[PDB]
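Structure file upload.pdb (PDB, C-alpha atoms and all ligand atoms) is printed below.
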ATOM      1  CA  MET A   1     107.119 173.560-201.615  1.00  0.00           C
ATOM      2  CA  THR A   2     105.976 170.717-203.898  1.00  0.00           C
ATOM      3  CA  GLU A   3     102.910 171.526-205.981  1.00  0.00           C
ATOM      4  CA  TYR A   4     100.562 169.025-207.597  1.00  0.00           C
ATOM      5  CA  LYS A   5      98.656 170.104-210.706  1.00  0.00           C
ATOM      6  CA  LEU A   6      95.242 168.412-210.546  1.00  0.00           C
ATOM      7  CA  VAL A   7      92.483 168.605-213.165  1.00  0.00           C
ATOM      8  CA  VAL A   8      88.804 167.816-212.504  1.00  0.00           C
ATOM      9  CA  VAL A   9      86.932 166.536-215.586  1.00  0.00           C
ATOM     10  CA  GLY A  10      83.514 165.097-216.307  1.00  0.00           C
ATOM     11  CA  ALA A  11      80.158 165.864-217.835  1.00  0.00           C
ATOM     12  CA  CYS A  12      78.348 169.077-217.015  1.00  0.00           C
ATOM     13  CA  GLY A  13      76.339 168.865-213.807  1.00  0.00           C
ATOM     14  CA  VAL A  14      78.169 165.991-212.097  1.00  0.00           C
ATOM     15  CA  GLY A  15      79.553 168.156-209.266  1.00  0.00           C
ATOM     16  CA  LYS A  16      83.078 169.158-210.377  1.00  0.00           C
ATOM     17  CA  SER A  17      82.690 172.666-209.003  1.00  0.00           C
ATOM     18  CA  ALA A  18      80.887 171.556-205.855  1.00  0.00           C
ATOM     19  CA  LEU A  19      83.636 169.012-205.132  1.00  0.00           C
ATOM     20  CA  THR A  20      86.393 171.560-205.716  1.00  0.00           C
ATOM     21  CA  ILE A  21      84.731 174.226-203.572  1.00  0.00           C
ATOM     22  CA  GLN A  22      84.175 171.791-200.686  1.00  0.00           C
ATOM     23  CA  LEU A  23      87.869 170.885-200.794  1.00  0.00           C
ATOM     24  CA  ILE A  24      89.061 174.502-200.975  1.00  0.00           C
ATOM     25  CA  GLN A  25      86.448 176.337-198.903  1.00  0.00           C
ATOM     26  CA  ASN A  26      84.798 173.620-196.770  1.00  0.00           C
ATOM     27  CA  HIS A  27      81.191 174.344-197.727  1.00  0.00           C
ATOM     28  CA  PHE A  28      78.610 173.126-200.221  1.00  0.00           C
ATOM     29  CA  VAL A  29      77.479 175.420-203.045  1.00  0.00           C
ATOM     30  CA  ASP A  30      74.200 174.441-204.699  1.00  0.00           C
ATOM     31  CA  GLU A  31      74.587 177.158-207.334  1.00  0.00           C
ATOM     32  CA  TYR A  32      77.754 177.782-209.236  1.00  0.00           C
ATOM     33  CA  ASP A  33      77.756 178.875-212.885  1.00  0.00           C
ATOM     34  CA  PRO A  34      78.185 175.713-215.006  1.00  0.00           C
ATOM     35  CA  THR A  35      80.149 177.756-217.579  1.00  0.00           C
ATOM     36  CA  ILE A  36      82.926 179.009-215.260  1.00  0.00           C
ATOM     37  CA  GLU A  37      86.338 177.333-215.569  1.00  0.00           C
ATOM     38  CA  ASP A  38      88.924 178.405-213.005  1.00  0.00           C
ATOM     39  CA  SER A  39      91.842 177.259-210.868  1.00  0.00           C
ATOM     40  CA  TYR A  40      92.161 177.112-207.091  1.00  0.00           C
ATOM     41  CA  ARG A  41      95.300 176.805-204.946  1.00  0.00           C
ATOM     42  CA  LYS A  42      95.261 175.232-201.479  1.00  0.00           C
ATOM     43  CA  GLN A  43      98.143 174.371-199.159  1.00  0.00           C
ATOM     44  CA  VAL A  44      97.529 171.074-197.369  1.00  0.00           C
ATOM     45  CA  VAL A  45      99.414 168.333-195.530  1.00  0.00           C
ATOM     46  CA  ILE A  46      99.131 164.859-197.065  1.00  0.00           C
ATOM     47  CA  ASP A  47     100.961 162.007-195.349  1.00  0.00           C
ATOM     48  CA  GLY A  48     103.147 164.530-193.514  1.00  0.00           C
ATOM     49  CA  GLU A  49     104.166 166.428-196.663  1.00  0.00           C
ATOM     50  CA  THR A  50     103.217 170.089-196.777  1.00  0.00           C
ATOM     51  CA  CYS A  51     102.287 170.713-200.408  1.00  0.00           C
ATOM     52  CA  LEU A  52     100.236 172.967-202.665  1.00  0.00           C
ATOM     53  CA  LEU A  53      97.317 171.692-204.711  1.00  0.00           C
ATOM     54  CA  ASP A  54      96.701 173.635-207.925  1.00  0.00           C
ATOM     55  CA  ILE A  55      93.278 172.432-209.050  1.00  0.00           C
ATOM     56  CA  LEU A  56      91.637 173.196-212.408  1.00  0.00           C
ATOM     57  CA  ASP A  57      87.816 172.996-212.266  1.00  0.00           C
ATOM     58  CA  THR A  58      87.037 172.414-215.938  1.00  0.00           C
ATOM     59  CA  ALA A  59      83.872 173.475-217.719  1.00  0.00           C
ATOM     60  CA  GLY A  60      84.046 171.649-221.054  1.00  0.00           C
ATOM     61  CA  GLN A  61      84.420 173.364-224.413  1.00  0.00           C
ATOM     62  CA  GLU A  62      87.194 175.914-224.729  1.00  0.00           C
ATOM     63  CA  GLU A  63      87.451 179.028-226.861  1.00  0.00           C
ATOM     64  CA  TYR A  64      90.163 177.120-228.776  1.00  0.00           C
ATOM     65  CA  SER A  65      90.918 173.396-228.598  1.00  0.00           C
ATOM     66  CA  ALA A  66      94.592 174.222-227.938  1.00  0.00           C
ATOM     67  CA  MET A  67      93.507 175.402-224.495  1.00  0.00           C
ATOM     68  CA  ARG A  68      92.160 171.944-223.682  1.00  0.00           C
ATOM     69  CA  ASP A  69      95.303 170.221-224.943  1.00  0.00           C
ATOM     70  CA  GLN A  70      97.398 172.631-222.883  1.00  0.00           C
ATOM     71  CA  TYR A  71      95.752 171.812-219.569  1.00  0.00           C
ATOM     72  CA  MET A  72      95.692 168.061-220.269  1.00  0.00           C
ATOM     73  CA  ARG A  73      99.375 168.097-221.143  1.00  0.00           C
ATOM     74  CA  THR A  74     100.385 170.156-218.110  1.00  0.00           C
ATOM     75  CA  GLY A  75      98.072 168.466-215.589  1.00  0.00           C
ATOM     76  CA  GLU A  76      99.718 165.752-213.497  1.00  0.00           C
ATOM     77  CA  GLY A  77      96.610 163.841-212.430  1.00  0.00           C
ATOM     78  CA  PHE A  78      92.940 163.794-213.293  1.00  0.00           C
ATOM     79  CA  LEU A  79      89.816 163.281-211.229  1.00  0.00           C
ATOM     80  CA  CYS A  80      87.262 161.714-213.585  1.00  0.00           C
ATOM     81  CA  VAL A  81      83.871 162.536-212.081  1.00  0.00           C
ATOM     82  CA  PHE A  82      80.455 161.090-212.875  1.00  0.00           C
ATOM     83  CA  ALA A  83      77.192 161.371-210.925  1.00  0.00           C
ATOM     84  CA  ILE A  84      75.626 158.197-209.560  1.00  0.00           C
ATOM     85  CA  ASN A  85      72.197 159.291-210.834  1.00  0.00           C
ATOM     86  CA  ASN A  86      73.342 160.172-214.389  1.00  0.00           C
ATOM     87  CA  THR A  87      74.113 157.164-216.552  1.00  0.00           C
ATOM     88  CA  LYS A  88      75.221 159.336-219.460  1.00  0.00           C
ATOM     89  CA  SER A  89      77.859 160.945-217.231  1.00  0.00           C
ATOM     90  CA  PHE A  90      79.212 157.467-216.438  1.00  0.00           C
ATOM     91  CA  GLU A  91      79.307 156.459-220.105  1.00  0.00           C
ATOM     92  CA  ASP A  92      81.192 159.693-220.862  1.00  0.00           C
ATOM     93  CA  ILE A  93      84.077 158.532-218.637  1.00  0.00           C
ATOM     94  CA  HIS A  94      85.291 156.381-221.541  1.00  0.00           C
ATOM     95  CA  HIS A  95      85.672 159.561-223.588  1.00  0.00           C
ATOM     96  CA  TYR A  96      87.602 161.474-220.917  1.00  0.00           C
ATOM     97  CA  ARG A  97      89.933 158.515-220.261  1.00  0.00           C
ATOM     98  CA  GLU A  98      90.724 158.092-223.944  1.00  0.00           C
ATOM     99  CA  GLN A  99      91.146 161.826-224.601  1.00  0.00           C
ATOM    100  CA  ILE A 100      93.606 162.465-221.748  1.00  0.00           C
ATOM    101  CA  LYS A 101      95.693 159.451-222.773  1.00  0.00           C
ATOM    102  CA  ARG A 102      95.766 160.774-226.345  1.00  0.00           C
ATOM    103  CA  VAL A 103      96.912 164.319-225.497  1.00  0.00           C
ATOM    104  CA  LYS A 104      99.567 163.064-223.101  1.00  0.00           C
ATOM    105  CA  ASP A 105     100.448 160.227-225.525  1.00  0.00           C
ATOM    106  CA  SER A 106     100.846 157.895-222.560  1.00  0.00           C
ATOM    107  CA  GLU A 107      99.217 154.736-221.250  1.00  0.00           C
ATOM    108  CA  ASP A 108     100.148 155.593-217.626  1.00  0.00           C
ATOM    109  CA  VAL A 109      98.368 158.758-216.452  1.00  0.00           C
ATOM    110  CA  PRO A 110      97.462 159.216-212.755  1.00  0.00           C
ATOM    111  CA  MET A 111      93.667 159.171-212.570  1.00  0.00           C
ATOM    112  CA  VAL A 112      90.961 158.515-209.964  1.00  0.00           C
ATOM    113  CA  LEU A 113      87.365 157.603-210.786  1.00  0.00           C
ATOM    114  CA  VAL A 114      84.848 159.512-208.667  1.00  0.00           C
ATOM    115  CA  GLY A 115      81.175 158.688-208.368  1.00  0.00           C
ATOM    116  CA  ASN A 116      79.620 161.839-206.916  1.00  0.00           C
ATOM    117  CA  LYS A 117      76.220 162.639-205.334  1.00  0.00           C
ATOM    118  CA  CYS A 118      76.218 159.490-203.173  1.00  0.00           C
ATOM    119  CA  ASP A 119      73.933 161.233-200.655  1.00  0.00           C
ATOM    120  CA  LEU A 120      71.017 161.061-203.088  1.00  0.00           C
ATOM    121  CA  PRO A 121      68.601 158.119-202.923  1.00  0.00           C
ATOM    122  CA  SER A 122      68.223 158.178-206.698  1.00  0.00           C
ATOM    123  CA  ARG A 123      70.882 155.962-208.204  1.00  0.00           C
ATOM    124  CA  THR A 124      71.129 154.701-211.760  1.00  0.00           C
ATOM    125  CA  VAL A 125      74.771 153.498-211.608  1.00  0.00           C
ATOM    126  CA  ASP A 126      75.366 150.857-208.952  1.00  0.00           C
ATOM    127  CA  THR A 127      78.709 150.696-207.160  1.00  0.00           C
ATOM    128  CA  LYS A 128      79.621 147.358-208.763  1.00  0.00           C
ATOM    129  CA  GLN A 129      79.427 148.773-212.282  1.00  0.00           C
ATOM    130  CA  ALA A 130      81.881 151.540-211.390  1.00  0.00           C
ATOM    131  CA  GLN A 131      84.160 149.145-209.494  1.00  0.00           C
ATOM    132  CA  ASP A 132      84.361 146.998-212.630  1.00  0.00           C
ATOM    133  CA  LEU A 133      85.268 150.005-214.780  1.00  0.00           C
ATOM    134  CA  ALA A 134      87.958 151.219-212.396  1.00  0.00           C
ATOM    135  CA  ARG A 135      89.404 147.703-212.236  1.00  0.00           C
ATOM    136  CA  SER A 136      89.652 147.614-216.055  1.00  0.00           C
ATOM    137  CA  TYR A 137      91.556 150.909-215.918  1.00  0.00           C
ATOM    138  CA  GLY A 138      93.752 149.968-212.950  1.00  0.00           C
ATOM    139  CA  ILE A 139      92.782 153.092-210.989  1.00  0.00           C
ATOM    140  CA  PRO A 140      91.074 153.763-207.653  1.00  0.00           C
ATOM    141  CA  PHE A 141      87.351 154.415-207.393  1.00  0.00           C
ATOM    142  CA  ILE A 142      85.825 156.601-204.675  1.00  0.00           C
ATOM    143  CA  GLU A 143      82.174 157.490-204.061  1.00  0.00           C
ATOM    144  CA  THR A 144      81.764 161.057-202.872  1.00  0.00           C
ATOM    145  CA  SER A 145      79.183 163.587-201.791  1.00  0.00           C
ATOM    146  CA  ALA A 146      80.071 167.233-202.206  1.00  0.00           C
ATOM    147  CA  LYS A 147      76.986 167.946-200.069  1.00  0.00           C
ATOM    148  CA  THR A 148      77.949 165.911-196.992  1.00  0.00           C
ATOM    149  CA  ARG A 149      81.745 165.992-197.624  1.00  0.00           C
ATOM    150  CA  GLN A 150      81.942 162.165-197.656  1.00  0.00           C
ATOM    151  CA  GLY A 151      84.989 161.014-199.601  1.00  0.00           C
ATOM    152  CA  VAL A 152      86.052 164.485-200.762  1.00  0.00           C
ATOM    153  CA  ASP A 153      89.467 164.648-199.087  1.00  0.00           C
ATOM    154  CA  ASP A 154      89.998 160.979-199.969  1.00  0.00           C
ATOM    155  CA  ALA A 155      89.348 161.578-203.663  1.00  0.00           C
ATOM    156  CA  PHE A 156      91.846 164.436-203.929  1.00  0.00           C
ATOM    157  CA  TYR A 157      94.469 162.951-201.579  1.00  0.00           C
ATOM    158  CA  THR A 158      94.320 159.599-203.370  1.00  0.00           C
ATOM    159  CA  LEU A 159      94.995 161.353-206.662  1.00  0.00           C
ATOM    160  CA  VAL A 160      98.065 162.978-205.110  1.00  0.00           C
ATOM    161  CA  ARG A 161      99.241 159.557-203.943  1.00  0.00           C
ATOM    162  CA  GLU A 162      98.750 158.196-207.477  1.00  0.00           C
ATOM    163  CA  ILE A 163     100.891 161.064-208.808  1.00  0.00           C
ATOM    164  CA  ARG A 164     103.597 160.234-206.264  1.00  0.00           C
ATOM    165  CA  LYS A 165     103.665 156.590-207.374  1.00  0.00           C
ATOM    166  CA  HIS A 166     104.058 157.727-210.975  1.00  0.00           C
ATOM    167  CA  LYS A 167     106.920 160.109-210.139  1.00  0.00           C
ATOM    168  CA  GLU A 168     108.984 157.560-208.232  1.00  0.00           C
ATOM    169  CA  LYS A 169     109.505 155.184-211.193  1.00  0.00           C
TER     170      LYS A 169
HETATM  171  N1  LIG A 201      72.782 166.283-203.682  1.00  0.00           N
HETATM  172  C1  LIG A 201      73.983 166.572-204.222  1.00  0.00           C
HETATM  173  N2  LIG A 201      74.015 167.543-205.158  1.00  0.00           N
HETATM  174  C2  LIG A 201      75.179 167.896-205.734  1.00  0.00           C
HETATM  175  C3  LIG A 201      76.410 167.215-205.356  1.00  0.00           C
HETATM  176  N3  LIG A 201      77.406 167.762-206.085  1.00  0.00           N
HETATM  177  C4  LIG A 201      76.844 168.709-206.875  1.00  0.00           C
HETATM  178  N4  LIG A 201      75.523 168.792-206.640  1.00  0.00           N
HETATM  179  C5  LIG A 201      74.543 169.679-207.285  1.00  0.00           C
HETATM  180  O1  LIG A 201      74.573 169.408-208.700  1.00  0.00           O
HETATM  181  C6  LIG A 201      74.483 170.635-209.453  1.00  0.00           C
HETATM  182  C7  LIG A 201      75.669 170.747-210.393  1.00  0.00           C
HETATM  183  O2  LIG A 201      76.844 170.766-209.607  1.00  0.00           O
HETATM  184  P1  LIG A 201      78.116 171.532-210.189  1.00  0.00           P
HETATM  185  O3  LIG A 201      79.150 171.574-209.106  1.00  0.00           O
HETATM  186  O4  LIG A 201      77.757 172.860-210.776  1.00  0.00           O
HETATM  187  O5  LIG A 201      78.582 170.517-211.356  1.00  0.00           O
HETATM  188  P2  LIG A 201      79.641 170.747-212.558  1.00  0.00           P
HETATM  189  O6  LIG A 201      78.898 171.142-213.799  1.00  0.00           O
HETATM  190  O7  LIG A 201      80.289 169.416-212.762  1.00  0.00           O
HETATM  191  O8  LIG A 201      80.618 171.805-212.119  1.00  0.00           O
HETATM  192  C8  LIG A 201      74.391 171.753-208.428  1.00  0.00           C
HETATM  193  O9  LIG A 201      73.030 172.184-208.384  1.00  0.00           O
HETATM  194  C9  LIG A 201      74.744 171.176-207.070  1.00  0.00           C
HETATM  195  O10 LIG A 201      73.833 171.608-206.072  1.00  0.00           O
HETATM  196  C10 LIG A 201      76.297 166.164-204.343  1.00  0.00           C
HETATM  197  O11 LIG A 201      77.316 165.548-203.986  1.00  0.00           O
HETATM  198  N5  LIG A 201      75.092 165.894-203.829  1.00  0.00           N
HETATM  199 MG    MG A 202      81.238 173.622-212.790  1.00  0.00          MG
END

Structure encoded using structure tokens:
Amino acid sequence: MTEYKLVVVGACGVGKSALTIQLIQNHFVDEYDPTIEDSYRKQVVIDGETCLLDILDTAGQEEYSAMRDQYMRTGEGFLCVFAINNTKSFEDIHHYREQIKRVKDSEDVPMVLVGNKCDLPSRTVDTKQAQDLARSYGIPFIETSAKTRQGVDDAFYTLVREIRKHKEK
């Protein structure tokens, strides 16, 4: 069965683990160790194709930098997550975009921009600002809430569809 290797990146505290756990286990966790990096496997059906998602929930620094390069080189698509109430997390997207492109040595890497925590009233990054960034990158942008589940399937399924478009060239 086809497997898609997905990697979730972004600043600490944006909701990478909460998003992953909602996708895999269908519930919201308010408390999940910010230092835990692990992979989850989930069989799903996307556009009629039964496939396996192999998702790496990243946690930032690695014991050795070679471990970061290894997962960036082997990952097929990347969910770049910021939180709509954390401007620093949005500014950090530039760093994640540039770093993945450098490790893969490619200008065409399947990526989706995710603005998480859209259930919160507090917002410091308006939608337009993120739409403009995603346009400059040529990638989709999805607002999500790991708490309410809004957009969660869409974010991950859209990344799979971006990977498919890349593979068919
Ligand atoms: N209200 C709200 N809180 C969230 C959401 N996603 C994550 N959180 C909270 O933000 C904190 C950090 O989330 P976490 O998944 O650990 O982020 P990570 O460091 O990127 O893995 C946790 O306390 C979660 O309760 C969301 O969509 N809405
Ligand atoms: Mg985490």

(request) To verify the selection step, state as a ChimeraX atom specification which residues the PyMOL selection byres (((chain A and resi 151) around 12) and not hetatm) yields on this input. (result) /A:19,22-23,113-119,141-150,152-158

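Distances from A:88, A:56, A:50, A:109 to residue A:167 were compared using all atoms listed in the file, and the smallest one belongs to A:109.
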
Since I can't run it myself right now, could you work out what the PyMOL selection byres (((chain A and resi 46) around 12) and not hetatm) selects here and report it as a PDB file with C-alpha atoms, in the coordinates of the input?
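Listed below is the output, selection.pdb:
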ATOM      1  CA  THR A   2     105.976 170.717-203.898  1.00  0.00           C
ATOM      2  CA  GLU A   3     102.910 171.526-205.981  1.00  0.00           C
ATOM      3  CA  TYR A   4     100.562 169.025-207.597  1.00  0.00           C
ATOM      4  CA  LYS A  42      95.261 175.232-201.479  1.00  0.00           C
ATOM      5  CA  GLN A  43      98.143 174.371-199.159  1.00  0.00           C
ATOM      6  CA  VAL A  44      97.529 171.074-197.369  1.00  0.00           C
ATOM      7  CA  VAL A  45      99.414 168.333-195.530  1.00  0.00           C
ATOM      8  CA  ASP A  47     100.961 162.007-195.349  1.00  0.00           C
ATOM      9  CA  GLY A  48     103.147 164.530-193.514  1.00  0.00           C
ATOM     10  CA  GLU A  49     104.166 166.428-196.663  1.00  0.00           C
ATOM     11  CA  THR A  50     103.217 170.089-196.777  1.00  0.00           C
ATOM     12  CA  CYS A  51     102.287 170.713-200.408  1.00  0.00           C
ATOM     13  CA  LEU A  52     100.236 172.967-202.665  1.00  0.00           C
ATOM     14  CA  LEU A  53      97.317 171.692-204.711  1.00  0.00           C
ATOM     15  CA  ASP A 153      89.467 164.648-199.087  1.00  0.00           C
ATOM     16  CA  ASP A 154      89.998 160.979-199.969  1.00  0.00           C
ATOM     17  CA  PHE A 156      91.846 164.436-203.929  1.00  0.00           C
ATOM     18  CA  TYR A 157      94.469 162.951-201.579  1.00  0.00           C
ATOM     19  CA  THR A 158      94.320 159.599-203.370  1.00  0.00           C
ATOM     20  CA  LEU A 159      94.995 161.353-206.662  1.00  0.00           C
ATOM     21  CA  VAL A 160      98.065 162.978-205.110  1.00  0.00           C
ATOM     22  CA  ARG A 161      99.241 159.557-203.943  1.00  0.00           C
ATOM     23  CA  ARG A 164     103.597 160.234-206.264  1.00  0.00           C
TER      24      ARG A 164
END

(message) Translate the PyMOL selection byres (((not hetatm)) within 12 of (chain A and resi 202)) into a concrete residue list for this structure, as a PyMOL selection string.
(response) chain A and resi 8-21+29-39+56-60+81

(request) Grab the atom CA of residue A:110 to atom CA of residue A:5 distance for me, in Å with one decimal place. (result) 11.1 Å
